[PDB]
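Enquirer:
4 protein chains.
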Amino acid sequence: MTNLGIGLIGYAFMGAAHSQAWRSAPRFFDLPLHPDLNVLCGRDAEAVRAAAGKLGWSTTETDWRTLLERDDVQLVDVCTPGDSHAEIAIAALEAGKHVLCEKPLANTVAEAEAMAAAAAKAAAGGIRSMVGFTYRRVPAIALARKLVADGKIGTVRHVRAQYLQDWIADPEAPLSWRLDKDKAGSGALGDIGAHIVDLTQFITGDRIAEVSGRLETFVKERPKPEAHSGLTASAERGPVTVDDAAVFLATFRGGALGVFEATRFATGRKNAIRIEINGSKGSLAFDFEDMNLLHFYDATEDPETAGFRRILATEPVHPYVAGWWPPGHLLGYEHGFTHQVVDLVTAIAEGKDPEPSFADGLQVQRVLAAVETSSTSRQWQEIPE
Amino acid sequence: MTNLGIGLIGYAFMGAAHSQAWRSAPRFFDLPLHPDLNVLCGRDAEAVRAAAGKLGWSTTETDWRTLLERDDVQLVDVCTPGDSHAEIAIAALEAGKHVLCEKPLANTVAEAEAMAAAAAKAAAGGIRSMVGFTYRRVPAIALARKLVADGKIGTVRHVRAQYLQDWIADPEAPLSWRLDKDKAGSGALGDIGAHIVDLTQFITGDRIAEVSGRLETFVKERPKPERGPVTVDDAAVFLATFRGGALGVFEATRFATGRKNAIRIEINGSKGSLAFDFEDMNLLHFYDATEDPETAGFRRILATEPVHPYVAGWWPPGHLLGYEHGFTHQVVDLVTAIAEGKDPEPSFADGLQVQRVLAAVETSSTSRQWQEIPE
Amino acid sequence: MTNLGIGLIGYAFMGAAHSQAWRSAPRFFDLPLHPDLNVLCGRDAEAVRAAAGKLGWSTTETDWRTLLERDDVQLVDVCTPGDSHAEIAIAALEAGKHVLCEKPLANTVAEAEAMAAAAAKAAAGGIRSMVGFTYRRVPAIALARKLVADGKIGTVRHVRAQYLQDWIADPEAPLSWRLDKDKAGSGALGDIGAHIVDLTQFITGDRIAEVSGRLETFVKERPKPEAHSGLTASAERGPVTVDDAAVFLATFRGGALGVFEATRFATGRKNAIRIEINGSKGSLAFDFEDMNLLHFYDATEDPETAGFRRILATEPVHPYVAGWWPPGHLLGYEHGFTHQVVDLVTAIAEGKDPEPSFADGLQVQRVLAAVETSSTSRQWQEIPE
Amino acid sequence: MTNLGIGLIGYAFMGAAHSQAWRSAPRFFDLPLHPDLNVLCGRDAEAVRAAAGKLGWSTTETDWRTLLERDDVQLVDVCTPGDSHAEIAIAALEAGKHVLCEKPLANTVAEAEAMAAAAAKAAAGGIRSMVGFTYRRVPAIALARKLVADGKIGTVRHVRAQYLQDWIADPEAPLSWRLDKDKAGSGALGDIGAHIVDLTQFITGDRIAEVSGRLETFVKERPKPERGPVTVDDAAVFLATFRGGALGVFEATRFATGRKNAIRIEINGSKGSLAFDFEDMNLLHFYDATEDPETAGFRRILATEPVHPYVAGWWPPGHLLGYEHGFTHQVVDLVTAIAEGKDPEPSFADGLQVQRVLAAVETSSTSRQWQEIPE
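Here it is in structure tokens:
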């Protein structure tokens, strides 16, 4: 085997971001297998043909189940909303196909448990799976993980993380699927809270032990998708059934305090994923709106010169950067997807289980469920270890 | 009446920062009364005499109660730890002396209630009082309040605030009174949590309704200045909802390695947002959500224009101010309130409401339950 | 015609950056013609075949002249060093091929004049040409141009620009082609000075009228490419024949003062292209290491709230951004190349002359020549209007 | 000897900023001599008496020459425009008075030469003098000098400096003495160009060798405080080489719309780089080029540690300082130099070398020729 046949399900949701990664990866990195964009799945035959020509896929299929039967599909990339992840990923693994699944892993803990079980059985048969928490593959974030691994942070006292967006801060913005509890599973919590739960656990190497949470919906009714705005009446609106924001306190198993905030109503903030970790030997700070920077404070340095150093994460020694451009020639949102592909293809070729695993996705799911339950119950909730 | 005699108690705690304000205020601002630095109080006779020479005070007294009798003390500035705030401030008010008292107002809600009760009765008799939440008088913070008052923020959805310091992040840093519950009341919570509770409430003009909190002590014993116990929190974190509906997220800690006095506030509303960091004290960032998306963004307002609060007393644009200036501004406002027959803000009633927030956070931590704040 | 056949010369220099643009442009933008990556040119047949498979080109040719004969080449992309631009671009235009040429336009004013003449004759016959000053197509930069065009800056008093890099700040870094006067034409001046001359003229819409300049070489000898470092002797080094840094004062035709600095010895600065323009109605500030931001001060705003606003250049109303990702989902160095392609393909389809033209490239060349002459002569030099 | 009597000339120009320094220095620093604010000079009797009350001066004099006779004036602080610096400072030195003189040292090189000559002779007789380039005493700038002295920057390749202000960017802003060549000597060049010339030379420890300059006046006539001519430059830009080989690029202007007091300096060397902006005064950024590329970068040093220059006199970490503090630091250093029998820096000789740089830039502009600076 020199090539790895790819089939993608969910082009309407993440097709552009995922497809560019499959196209670019072997051009910028020397991969042990060449990914072939073989099959794009979609029920609307004319729309999926159009998408296939735009995105670079050779054939299309109406029925996702067909991808699991085709010898030219070795790996299924599942990009749909959480409500369909368990059905599709479990089937794919049982059909002997490697799987890349978007986050969050599922819509319920029960689903995620079933996925983790299937992933374990599959791994025993050489069939690999990964949950695509893309921001782990931002070079600055991978660098932060390395600095912790190298011991430069020491005993972690504090984790603080915010994921601040504003894309529905306007109450007149209409209803859609990310606002429908049934497809999306949750709102801010599941969509963007998941990212920061996973990023903080990834960087520290520690896990959240207990949480105290509050979910809020600021705008509970919104114009229906084709409401009439005349010279919008009350009868033209429908209910919002997910959270607009989720906030929570945490303790980590190692003892650190954590403070988390994810919202779609942070007016002026667009994709501001903010993380700061404070430990006995140093601290790290990151903001995705400055994605190419990692700030690092060394607490062992002479107080005369100690301070957060601005590390421009564009050196060839930084994770992934060697595949791209010279120092100061910035990367962006899309590169992390390519880096995922590089790491997934490489794991498959080397017979290794990719990270984050479905088991890792399940633990994240358990944190999300605990925050939600904590909000409704008004009680702290422990996370199964 | 042209002069206002001042007596100060607690020089060893805040003596330098308060004295520079009393000295500077009439030189930089045209005040309706001239503050006279008349009496410095301290029980160590040699130490208080030295401090009086250094700090600009004309006479000294061993017994704080003597300030209550002296005709040349019109106003008592109380800078001791919270354990002594109630006894001193209430006596002073009852003796017909105006009072400035440091934060937090007291060590317990019951003490704060007695203080606010005395202040209310005293104010009806023309005797003024103020609690010194100094960061209100940072020009950028006063400007933030003004932008809210002008309607530029709209319906507030989020309040986030952090007060990040690292001064005891070293486990071998020694005990002091700030680590002693019997002196300070609490640790991070009362010392720096109080500041951000008050700052967010002041800027928004709204009040916290309920909280969920957790206090933590990372280092439980330290060297004496032999070793002893740390009996307060090193950090306090809490969720909040505000009466107007906003979600709040608060974090105050002495263990944020690399952060020195980072008071960070962001407020997000339907019409705009504000952001501030004290380590960039001279800046306020303001995003106008009603602006064309082509150019909408947080604008960096350098708070050094003569139209900005207090700045006209000082230096030209870009000629930065710092930590000490807010104390002078406190003095300007307090002296002017007294002269004009007005009650200064924050009032002891305001101080009491903050105390109730602090008590709720602490009680939430131990009980593991959400706690409502009385109105 | 629905397709536009591309041939690229100079893959070893800019092949990755240019090829990704030709591949991505029709996938992210709805182009009036589809660019086909038909021919990659290179004299080393085995190396160019390898490059063609990596970069996405269908065939290769040994002799660049062959591209000018092929009916499947409509447009020649010239990526080589300045020393070959005039020979290749003039020939291409005379063969009826559209041309994209890298900056600077040439190595001498005489060459650039010959290129501008050929471009004029070609344009009369419907054959288009552009000089690829890529940073004009950074969305923040295009936005800055729009704000000026909209009148928001007013009378310009000051232009300040720096291009700060450090890639040869180490004296032991060895000799190469960008250090050889004969291929490169100059060092910092021609390489990175050209970028800031053009960016400031583009944004303001004004031209430099006179300059006072100084060129410097800090490290005049460097280890030869295969020098022996034993237990590096003096005999193992060779001379550096270009400038390491170029600084100059300018006045603009409208009256503004300009202050320019380009260097390869700004230790710690990687690709920091810094521009600030101050005018009667407002000011603009930009730093490529924060490429996704434009800072804009409105001088007509109430002093109570006037200040530089941080514009995150990721709204769909900002130039080019609609083709990419949602707000806060950052772009990077590579996107400007794609935007060049979009604008070039669109100009060709619409029968318009692309900007910057070869004539615009010539005027830049005249500024560069004046700075160099000013340095040697120790006298101010006027730029032909 | 325990006290040092001060007399100040030029209150209407720098009276507030200099007086706060003389008042504050002994309260925050343990000084070997106590400065006594004894005499304020001014020809308008009522105005100078009011200012003396405001600013803390015990007596007043109409004639500046009277300060030269009075035994309670040991040190003359000269704050007038440059047109009067030479006459006053030389007379004071000759009368056996120590001198602090504002920048630039004078209006002409010839005047600066006479001042430096008098200062040299006076210093041999124990009479000290200093030119007040105040920004040297910003803690972050003093730290920058220390990092250079420690060898952390190595061989300097680049110096870039800007002093960006906008206070007369409005064409209708009125004339003042700062726009009058006969009072100020020059405009942006002498007022703010001088600061960045001295700052870069001080930090690097090197001197400018040659310059190519251009001065521009954007608004040539303005309203009086009827209209009159602006007889100075609004902006001064110049290239430089330093004696050690570095290239320098300098820009000073009053027309940088949106910039208020943005003094920006960056120094790039073989072993590291430094960057500073006064609008972020409490920060110094330091890049160590000898660091592993995995983590190399400019570190943000908050200049509020007790090991940083002067900071031990003030407030805890993160408790920011501002513009006024450098004046106090000047006083600390000047009083201590006098007490210890040392010559303070910058000296009048240092002031003269800066004057020669300014003269060269101006002469370069008019002649359109590069100009060398004498050593």
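Residue numbers (PDB author numbering), protein chains in the order written: chain A, 1 to 231, 234 to 387; chain B, 1 to 225, 238 to 387; chain A', 1 to 231, 234 to 387; chain B', 1 to 225, 238 to 387. A prime marks a further copy of an entry chain.
For every residue, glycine included, the Cβ atom is placed at its ideal position computed from N, Cα and C.
1) Considering only C-alpha positions, which residue in the set A:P318, A:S285, A:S129 is nearest to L147 (chain A)?
2) What is the residue span of the alpha helix (DSSP H) that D362 (chain A) lies within?
3) Going by CA-CA distance only, name the one from B:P32, B:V76, B:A25 that's closest to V39 (chain B).
4) Is it a yes or a no for the region 47-64 of chain A touching the region 321-333 of chain A, going by three-plus beta-carbon pairs under 8 Å?
5) Check for me: the alpha helix (DSSP H) holding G15 (chain A) runs from which residue to which?
6) Which residue's Cα is closest to the Cα of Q365 (chain B): B:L199, B:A351, B:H297?
7) With the cut-off set at 8 Å, would you say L295 (chain A') and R312 (chain A') are in Cβ contact?
8) Use the C-beta contact count for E384 (chain B): other C-beta atoms within 10 angstroms, 16 or more gives buried, fewer gives exposed.
9) So, using beta-carbon positions, are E374 (chain B) and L251 (chain B) closer together than 8 Å?
10) Leaving out the 5 sequence neighbours to the left and right, which residues in its chain are closer than 8 Å to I90 (chain A') when beta-carbon positions are compared?
11) Let me know if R380 (chain B') comes out buried or exposed under the rule of 16 or more other beta-carbons within 10 Å of its beta-carbon.
12) Leaving aside the five residues before and after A106 (chain A') along the sequence, list all residues of the same chain whose C-beta is less than 7 Å from its C-beta, in chain order.
13) Since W22 (chain B) contacts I9 (chain B) with CB under 8 Å, what's their CB separation in whole angstroms?
14) List the residues of chain A' whose Cβ lies closer than 7 Å to the Cβ of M293 (chain A), in chain order.
15) Between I313 (chain B') and chain A, is there a C-beta pair that is closer than 8 Å?
16) Please go through the region 41-102 of chain A' and give each complete beta strand (DSSP E) segment of 3 or more residues, from N-terminal end onward.
17) In this structure, does DSSP put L33 (chain B') in helix, strand or coil?
18) Taking a cut of 7 Å between CB atoms, which residues from the region 252-276 of chain B lie near chain A?
19) With 8 Å as the threshold, decide whether the Cβ of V319 (chain A) is near any Cβ in chain B'.
20) My parser needs the beta strand (DSSP E) runs of 3 or more residues fully inside the region 129-183 of chain A; what are they?
21) Please name the residue, chosen from B:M293, B:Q162, B:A301, B:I88, that lies closest to residue 393 (chain A) on a Cα-to-Cα basis.
22) If you drop the 5 nearest sequence neighbours on each side, which residues of the same chain put their C-beta closer than 7 Å to that of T59 (chain A')?
23) Going along the chain, which residues of its own chain have a beta-carbon closer than 8 Å to the beta-carbon of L179 (chain A'), five neighbours each way excluded?
24) Could you pull the DSSP bridge partners for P223 (chain B') from this structure?
25) Tell me the rounded alpha-carbon separation between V344 (chain B') and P26 (chain B').
26) Would you decide whether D362 (chain A') is buried or exposed? Buried here means 16 or more other CB atoms lie within 10 Å of its CB.
27) Determine the burial state of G260 (chain A): buried for a count of at least 16 other Cβ atoms within 10 Å of its Cβ, exposed for fewer.
28) Against chain B, does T307 (chain A') count as a neighbour if the rule is that its beta carbon must be under 8 Å from one of theirs?
29) So with Cβ pairs under 8 Å, would you call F310 (chain B) a contact of chain A'?
30) Between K183 (chain A') and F262 (chain A'), what straight-line distance do the alpha-carbon atoms span, to the nearest angstrom?
31) Looking at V78 (chain A) and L100 (chain A), is the spacing between their C-beta atoms short of 8 Å?
32) What are the residues of the region 35-58 of chain A' that lie near chain A, defined by any Cβ-Cβ distance shorter than 8 Å?
33) Select from B:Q342, B:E291, B:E306, B:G270 the residue whose C-alpha is nearest the C-alpha of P305 (chain A).
34) Using a Cβ-Cβ cut-off of 6 Å (strictly less than) and excluding sequence neighbours within five positions of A372 (chain A), which residues of its own chain qualify?
35) Determine the chain B residues that contact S379 (chain A) at a beta-carbon separation under 7 Å, and present them in chain order.
36) Roughly how many angstroms separate the alpha carbons of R136 (chain A') and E352 (chain A'), rounded to a whole number?
Expert: Once the coordinates are examined:
1) A:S285
2) 360-379
3) B:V76
4) no
5) Element bounds for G15 (chain A): 11-28.
6) B:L199
7) yes
8) It is exposed - the Cβ of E384 (chain B) has fewer than 16 other Cβ atoms within 10 Å.
9) With respect to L251 (chain B), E374 (chain B) sits apart: the two C-beta atoms are not nearer than 8 Å.
10) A114, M115, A118
11) The residue is exposed, with fewer than 16 neighbouring Cβ atoms inside 10 Å.
12) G82, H85, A86, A112, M115, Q367
13) 13 Å between Cβ atoms; not a contact.
14) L332
15) yes
16) 59-61, 75-78, 98-102
17) In the structure shown, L33 (chain B') sits in coil (DSSP, three-state: anything other than H, G, I, E or B).
18) Result list: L259, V261, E263, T265, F267, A268, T269, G270.
19) yes
20) 129-132, 156-164
21) Outside the shown range of chain A, which is 1 to 387, sits residue 393 (chain A), and nothing can be said about it.
22) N38, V39
23) So the list reads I168, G187, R222, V242, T243, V244, once near-sequence residues are dropped.
24) In the DSSP assignment, the residues bridged to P223 (chain B') are B':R239.
25) 8 Å
26) buried
27) buried
28) yes
29) With 8 Å as the cut-off, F310 (chain B) counts as an interface residue toward chain A'.
30) 24 Å
31) Taking 8 Å as the Cβ cut-off, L100 (chain A) and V78 (chain A) qualify as a contacting pair.
32) Result list: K54, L55, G56.
33) Measuring from the Cα of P305 (chain A), the nearest candidate turns out to be B:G270.
34) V211, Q383, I385
35) Neighbours of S379 (chain A) on chain B: none; closest Cβ ~11 Å, over 7 Å.
36) Here the alpha carbon of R136 (chain A') sits roughly 21 Å from the alpha carbon of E352 (chain A').
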